[PDB]
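In: what's the 3D shape of this:
(chains A, B and C, ligands or ions: 7)
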Amino acid sequence: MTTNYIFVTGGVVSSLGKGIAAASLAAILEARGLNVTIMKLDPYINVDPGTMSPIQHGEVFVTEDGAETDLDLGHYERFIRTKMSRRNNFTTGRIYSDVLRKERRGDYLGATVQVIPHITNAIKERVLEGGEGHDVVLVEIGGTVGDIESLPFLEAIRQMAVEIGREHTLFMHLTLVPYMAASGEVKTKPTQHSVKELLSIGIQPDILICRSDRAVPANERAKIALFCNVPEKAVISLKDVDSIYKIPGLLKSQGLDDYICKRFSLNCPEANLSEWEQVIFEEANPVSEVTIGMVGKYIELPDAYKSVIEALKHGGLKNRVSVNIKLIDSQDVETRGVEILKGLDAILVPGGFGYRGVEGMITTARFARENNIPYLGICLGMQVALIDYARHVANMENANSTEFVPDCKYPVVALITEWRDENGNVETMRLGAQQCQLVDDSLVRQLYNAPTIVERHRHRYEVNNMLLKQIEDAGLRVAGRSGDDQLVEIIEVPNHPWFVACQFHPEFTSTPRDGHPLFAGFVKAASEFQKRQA
Amino acid sequence: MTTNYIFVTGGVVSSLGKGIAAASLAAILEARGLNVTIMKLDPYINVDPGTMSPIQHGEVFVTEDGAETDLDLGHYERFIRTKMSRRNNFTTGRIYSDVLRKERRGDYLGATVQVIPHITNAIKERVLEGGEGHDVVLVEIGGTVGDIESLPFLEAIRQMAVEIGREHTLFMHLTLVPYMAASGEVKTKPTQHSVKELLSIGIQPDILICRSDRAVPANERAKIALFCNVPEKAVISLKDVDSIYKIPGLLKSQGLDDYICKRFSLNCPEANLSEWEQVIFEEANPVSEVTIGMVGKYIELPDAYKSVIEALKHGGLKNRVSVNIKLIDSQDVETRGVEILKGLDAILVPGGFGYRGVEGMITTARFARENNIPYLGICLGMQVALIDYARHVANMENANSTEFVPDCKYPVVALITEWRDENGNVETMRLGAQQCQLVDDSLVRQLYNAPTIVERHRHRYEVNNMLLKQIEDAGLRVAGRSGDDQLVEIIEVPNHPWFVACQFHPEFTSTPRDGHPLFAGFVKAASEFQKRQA
Amino acid sequence: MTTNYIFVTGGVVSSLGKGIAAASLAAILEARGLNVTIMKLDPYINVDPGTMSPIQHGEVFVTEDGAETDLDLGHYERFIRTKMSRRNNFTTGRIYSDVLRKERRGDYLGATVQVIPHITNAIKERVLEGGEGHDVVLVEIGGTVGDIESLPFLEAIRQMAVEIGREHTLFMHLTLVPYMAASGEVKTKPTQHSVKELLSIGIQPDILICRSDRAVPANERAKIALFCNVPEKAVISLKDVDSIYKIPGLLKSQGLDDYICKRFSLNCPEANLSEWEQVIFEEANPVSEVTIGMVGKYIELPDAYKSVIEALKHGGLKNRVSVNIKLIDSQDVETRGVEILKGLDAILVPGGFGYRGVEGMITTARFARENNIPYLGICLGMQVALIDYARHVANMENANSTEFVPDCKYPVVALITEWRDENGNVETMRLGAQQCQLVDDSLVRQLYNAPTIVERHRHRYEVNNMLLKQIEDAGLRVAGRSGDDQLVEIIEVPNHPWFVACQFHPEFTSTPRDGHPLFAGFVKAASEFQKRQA
Ligand SMILES: Nc1ccn([C@@H]2O[C@H](COP(=O)(O)OP(=O)(O)OP(=O)(O)O)[C@@H](O)[C@H]2O)c(=O)n1
Ligand SMILES: Nc1ccn([C@@H]2O[C@H](COP(=O)(O)OP(=O)(O)OP(=O)(O)O)[C@@H](O)[C@H]2O)c(=O)n1
Ligand SMILES: Nc1ccn([C@@H]2O[C@H](COP(=O)(O)OP(=O)(O)OP(=O)(O)O)[C@@H](O)[C@H]2O)c(=O)n1
Ligand SMILES: Nc1ccn([C@@H]2O[C@H](COP(=O)(O)OP(=O)(O)OP(=O)(O)O)[C@@H](O)[C@H]2O)c(=O)n1
Ligand SMILES: Nc1ncnc2c1ncn2[C@@H]1O[C@H](COP(=O)(O)OP(=O)(O)O)[C@@H](O)[C@H]1O
Ligand SMILES: Nc1ncnc2c1ncn2[C@@H]1O[C@H](COP(=O)(O)OP(=O)(O)O)[C@@H](O)[C@H]1O
Ligand SMILES: Nc1ncnc2c1ncn2[C@@H]1O[C@H](COP(=O)(O)OP(=O)(O)O)[C@@H](O)[C@H]1O
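Out: Numbering: from 1, shown residues only, chains lettered A, B, ... in the order given. Ligands and ions are numbered 1, 2, ... in the order given. And now the structure:
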């Protein structure tokens, strides 16, 4: 068994959906019965994404092994059944850190560390590492062709293409075939130049992807084929669509995967894409509609809550119901008040970092709780709900986290070391998929149909425990606890129609094919409530 | 007085309106009291545009001196008063013809004729020729930057620029800033690369033109400025508009001309663009509307009748009336019949070549004539009308032209040498602006308010005097005769509300500010008819 | 006062002598009375040059402030009297280390750290730092134009050229105009392309340097001028010569510096290059010649002992005597023996790290000592000489250094902490220019004509004073000691015609115009001995 590789690059303009295209392909390759995986290389100097804000790049994906990574790794999880790990994504800065450390340790024995070799060697080794044991490995190259930000990576690839042999590697390239209304037609010249640029750095494209807002005419595809030294059959058109789960269908329709198996001499069984065909059918034919309002902070950039948004979608798919998302700034609920929260069927409060308008988040939690409006809390949102309930039911005035107020006097959230009561009596970070003990009598236990459940985490502060007993005894159900320390993983409100809040991140586990019990329940509750409020 | 030059190039995609931008600038420069002119270099092997069809490139402009040239030369005539000549436009093929001829006759004395320097010499000498005696010369380079089709021209320019000095030259480069709805924003990357391409061939841009369907944000303009080595104030945004006549206003708004005179150390007077402001006001505030139907052949690409369309628009401007042009295929009138011609306020028949469904054109002429529907015929449209009237009123069975049916028997149109009667008894191309003697008692004489007029021509066959007397005596007014041979330049129908047809090309003289008597009359009559029918 | 900058780049091939050219220019501009400084940007990933071997890049330059840097910084010291510091040279690796550390510290506040703008800003800042307070700053750009290894730097430069303004910056570029004997002529094509490459990254050259083995014809220079958009007067020819001290003369001859002052509007006084002319005269007219053996380890690459070689040259210039260096592998002395050392007028042993042929080095020291042959030892050579004398005169069997033998038994060299005697009783790196106390009665005190001196260091181990009294009392002169702990700096042999050795690196202070007492004495001694033996 020899591993085959396909490299994916993009030129002309960014924002073409390189990760989406690659993921859609991978889904097909999976559907062809092939051991396909995928990795993404980034042109960033930041070593880890944890040093950047969500407004800067959107939500940071949490892998099973706890690694923080590029959002697109979650996108990969939404197309194939393999698991992403730290080996599936790294940055330019990461490379330098490692190489410079090797320098420091004398690993280059007095030699000059150059871009070529050494830096490109580091890259090559990482690629071989991640692709080990797989039939097909897709590699997404971040950055735009022609920009200096990723030339080292492009070079490392070229080297490997030669080292490995062209019989085990293909060059895929995304372009833009923009529509010029003034002329009344699309243009292909930008594409022609993008290809020329790849050629100037030692790369000859094998497969072309024509991104546009409309199908590109065969004639134009032929013109491209001519100028790029590419067979007409390898020039694929990809018009804009209203769902990424329809793309596998399109790629299959144009015979892309057949071409690929032919190039790799693979005996590939007919792709079974019916899983997504089902999803598409259901997606395009919902029986109902609900409105969910989301109160947060980074709502000016949807990408910041991308994983959440898609998780909501997945719940809606299983319940055949349209999901509307109201973007609400917590600072406005703080300012304007709960009038914002009117006209909603359900309330959503996501996680994140930053005090900002958290008091408006608390206000919202109170609103949903007090008015019995289908409430879902995640990470910070749970902490918010904890505070809400604590202050108004358990009467823990000024309940808060020590991360914002050193002496809350009611620190409902704190570090384990920092656990303490209101009288000052006392007694790092949790990341990745961890097993939680569900309470057999809780809804969540029954939602998963299991005593325990493994879910992803990303957070430093925990439920106090010293003051927990005040909150829990006041009338709050701990629906599940962690492992060794039995930490409050998830809660439910005794008399609320649907109120669930948790520490884990279910949004990184939901799929379009499986959905996810908590979003299924949440969205359903929204519908129930909606019908009740009529 | 030393001539200053500005070169115009464009990259990324074609069809950005290089001629439009250049003409708009020139208009402003004229408005500032500067002696401005303009030339265009074309990347084609065709020596003369007369060897190509109307559908291939659209209408071929006829200059005063009879030269056949690029449509854009007519566009230049519509913005500045400087008259174009054969020296204002030539092609790659033209150059080679000249150079090879010089080789053949020994002008290079045994030397090797090379692109560099001999082809570039042909080019730069022609440029200096055309720019003689002018303050500012705009030079438009056709083709797209990065393509081999025009690299010789770009090289000739580079050399020239060095020779004359930077104090006498500026580089204006058009680009495209495409809007990507999927991202919700415009991109600049393509532009950055386009500039890099010019730089790679020795050209550093001074002024950037950002074509788009919307204003480009100052921030984006600044980003471009950075990467292109260009001052922010020299980065001009140019969004799509509904009228070319509004462009001078936009360029003026962004201070383009001030920059230019500063660069050329010229004490330039403030631009008076009120002439176009008037036009714009009138254009945007017509008092009425009218439907004009046009029957022809090259309607599958409006460019073929561009000069006509503009002329109709100009008539509309003077009569504050919207002109609605219906495109009708002569072959459909031939097939379907006159039902096509219903719902029209007036009918127009353009010139051109090709028999095709001209019988339907004749049918149309008959229709408009017999139903008293305002009619305007140009060149071929006159030939058509001549046949119509001759065959159906003067009883000239099979009235026709020898260019299609030599054995006509009633050749109403024929080469002067070919003039003959129905008994076989007998007795190149007219080009450019020629004097026409108008009949003092004709409407056209009074429409122009002058004994004679001067108008452009292009045709080979003439009205057959041998049979003319039958037609004219039957009841048709010859509204004007040429000169030496008193050739029927223009006719009018005695009892038709407004039926005028002529040999000359009034559409090459009409401007948005001056208008033109025949379009003023036609369009007005069209409106009048409409009102008479309502 | 505003700082002016000149950037120096080069392409086509490596090894053109960019640093040499820049240094020669600086010398002229020094002679024009300008505040000239100079920096070099190192494309390597190594953070410090200390992590690379002498064979990898030759000798590593020691700056006054103790920084280790590129050899060319010493070359700068040999053309201008200003002082280099850590601010005059840094690497690519250094940049990343700094930036990543800033990232780690939260310096970019959650933003994406990108090459553009963050890496380039790091560069920009360092350039402004080093050039602060100077009239003219030369900046040598390492690497080769067109290679990805230095594109980030080239970009940072472009940006600064724009932000600073062209009135304060120039682009100088070295090329190769190779001689093609098969054709019988030189070619310019490579140059034309090199320039095009700079242009493609936003850089337009102002000054061209044509490296070759012969003067380039004015015609060819004109051809280049044409294709590069450069004035003929700015195309400088630079043929190969037998001395780098003749280059200022050549550059002056072609009017380079005048051009520069005109570009910077400087009223520069006529260059006084007579000091260099003197050096040249003396160089080209020695009255004698001597042969000096150099016993070492890195002799396979001259560059490893470059600073030493030049120091020897300078001594020869002052004594009008040719210096013939015989490179000798100390390992061959171990194999073949002292027969290698025959036919020499003087013996020299350079510094360095590694055992290899050190025992042979000792054998050589012994040979020169015992046979009264003008000996000069530096750093390691001193350590060697110490062992020689100690073992063979002070009877310190196996006199040695703890850097090679944990239990030397007679550790004549050791870390200060490691100082111990032969009975086991006891009691980082010295860098940069340090004050040494000379013994008034020593030869070197009188050679320097001063009580104390300041000289550069680069070593960790010291003379073990526990056993010094054995060595010194046996009959050996300590000619100088250091500071606080009076560490042994210089040793002289009581009855040897001329045998000295020292801890410091005099080769980093020697200049072509000033010379250096030590090397003057050494080379002189060689001559004296030569005559003594004749
Ligand atoms: N020749 C250059 C110029 C720019 N960049 C890269 O250009 C990118 C900027 O373009 P893009 O990522 O697409 O986003 P913006 O900078 O906002 O601009 P645009 O989308 O128009 O390119 C930066 O990441 C920078 O690393 C580079 O590497 N090489
Ligand atoms: N590197 C190349 C490749 C093609 N061409 C030019 O590429 C142009 C094609 O683009 P364009 O003129 O805009 O029209 P089309 O050929 O239809 O294609 P498109 O509009 O997409 O460029 C042709 O004119 C051809 O002369 C060239 O000169 N040099
Ligand atoms: N397109 C490339 C190719 C090479 N390198 C760099 O090229 C340098 C090597 O070239 P050079 O210094 O000239 O020496 P060699 O590699 O030995 O080969 P040569 O001298 O023939 O160029 C290396 O540092 C490598 O990082 C690069 O940056 N970009
Ligand atoms: N970018 C350019 C520049 C020059 N030329 C070609 O450059 C050649 C000149 O180089 P070459 O034939 O090698 O001889 P010379 O002109 O004498 O100069 P050289 O040999 O140094 O190139 C000319 O034929 C000319 O056609 C060209 O086609 N494209
Ligand atoms: N053909 C498609 N239809 C519509 N937009 C799509 C399609 N495939 C790609 N995209 C869009 O591309 C974007 C991907 O964003 P981003 O993560 O920046 O892309 P990339 O993977 O290229 O970095 C999404 O907004 C997605 O809607
Ligand atoms: N900003 C503008 N608004 C709208 N379209 C414009 C504008 N400027 C350029 N164009 C369009 O560009 C086209 C010019 O066609 P063409 O003659 O091919 O241009 P070029 O001069 O670039 O060859 C026209 O259809 C015109 O409407
Ligand atoms: N014109 C000149 N005459 C002879 N050789 C020269 C001249 N200018 C440069 N050099 C040579 O250039 C070499 C410089 O080597 P190196 O330091 O590797 O170059 P760089 O500093 O460009 O990397 C020396 O061997 C020197 O003799």
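
In: what sits against the nearest residue to residue A:218 once chain neighbours are set aside?
Out: Residue nearest to residue A:218 in three dimensions, not counting chain neighbours: residue A:232, with 7.8 Å by C-beta to C-beta, 6 or more residues apart in numbering or on different chains. The C-beta positions use only the backbone N, C-alpha and C, and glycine is treated the same way. Residues near residue A:232 by C-beta atoms under 8 Å, 6 or more residues apart in numbering or on different chains: A:218, A:221-222, A:225.

In: middle-most residue in chain A, spatially?
Out: residue A:74 (3.4 Å; C-alpha atoms, centre = their mean).

In: any idea how far the residue of the stretch 151-300 of chain A found nearest ligand 5 is from residue A:214?
Out: Proximity of the stretch 151-300 of chain A to ligand 5 (C-beta to the nearest ligand atom) peaks at residue A:240, 3.8 Å away. From residue A:240 across to residue A:214, the span is 8 Å (C-beta to C-beta, to the nearest Å).

In: residue A:477 now?
Out: 53 Å.

In: compare the two and say which is more crowded by neighbours.
Out: residue A:477 (18 against 11; other C-beta atoms under 10 Å in any protein chain shown).

In: my read: that one touches residue A:491, true?
Out: Yes. With contact defined as C-beta atoms under 8 Å, residue A:477 reaches residue A:491; the gap is 6.2 Å.

In: got phi/psi on residue A:482?
Out: With angles defined as degrees, to the nearest 10, residue A:482 sits at phi -80, psi -150.

In: burial measure for the closest residue to it other than its chain neighbours, as a count.
Out: Nearest residue to residue A:482 in three dimensions, chain neighbours excluded: residue A:489, at 5.3 Å (C-beta to C-beta, 6+ apart). Residues lying near residue A:489 (other C-beta under 10 Å) number 26.

In: what of residue A:107?
Out: Quick note: residue A:107 (other C-beta under 10 Å) scores 12 neighbours.

In: residue of the stretch 351-500 of chain A nearest ligand 3, please.
Out: residue A:431 (36.9 Å).

In: name the residues of the host helix or strand of that residue that come out as buried.
Out: Applying DSSP states H and E as the criterion places residue A:431 in strand A:430-438. For strand A:430-438, the neighbour count (16 or more other C-beta atoms under 10 Å in any protein chain shown) marks A:430-434, A:436-438 as buried.

In: just stretch A:496-508 next, same as before
Out: So for stretch A:496-508, counting by 16+ other C-beta under 10 Å, buried means A:496, A:498-508.

In: figure out how far it is from the centre of its chain.
Out: For stretch A:496-508, the gap between its own C-alpha mean and the chain's C-alpha mean amounts to 18 Å (C-alpha atoms, centre = their mean, to the nearest Å).

In: show me the contacts for the residue of the stretch 201-350 of chain A found nearest chain C.
Out: Closest approach between the stretch 201-350 of chain A and chain C, counting by C-beta to the nearest C-beta: residue A:201, at 8.9 Å. Applying C-beta under 8 Å, 6+ apart to residue A:201 gives the contacts A:151, A:154-155, A:158.

In: separation between it and residue C:457?
Out: Where residue C:457 is concerned, residue A:201 sits at a distance of 46 Å (C-beta to C-beta).

In: equivalent analysis for residue A:53, please.
Out: Taking C-beta to C-beta, one finds residue A:53 at 48 Å from residue C:457.

In: domain map for chain A?
Out: For chain A, CATH domains of a matching chain gives the domain ranges A:1-285, A:286-534.

In: out of those, nearest to residue B:524?
Out: In terms of C-beta to C-beta, the element of the domains of chain A nearest to residue B:524 is domain A:1-285, at 31.7 Å.

In: stretch A:135-153 near ligand 3 anywhere?
Out: No. Stretch A:135-153 lies out of reach of ligand 3 by C-beta under 6 Å from any ligand atom, never closer than 8.2 Å.

In: burial of the closest residue to residue A:322 other than its chain neighbours, as a residue count?
Out: Nearest residue to residue A:322 in three dimensions, chain neighbours excluded: residue A:289, at 4.1 Å (C-beta to C-beta, 6+ apart). Neighbours of residue A:289 under the rule other C-beta under 10 Å: 14.

In: can I get whichever strand or helix holds residue A:289 in CSV, CA atoms only?
Out: According to DSSP H and E, residue A:289 maps onto strand A:288-296. What follows is strand A:288-296, C-alpha atoms only, in CSV (Å, rounded to 0.1, in the frame of the first residue of the first chain):
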residue,chain,number,x,y,z
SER,A,288,-41.4,23.7,10.3
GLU,A,289,-39.6,26.9,11.3
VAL,A,290,-38.2,28.3,14.6
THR,A,291,-36.3,31.5,15.6
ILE,A,292,-33.4,31.2,18.0
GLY,A,293,-31.8,34.3,19.3
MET,A,294,-28.1,34.2,20.2
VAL,A,295,-26.7,36.6,22.7
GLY,A,296,-22.9,37.1,22.5
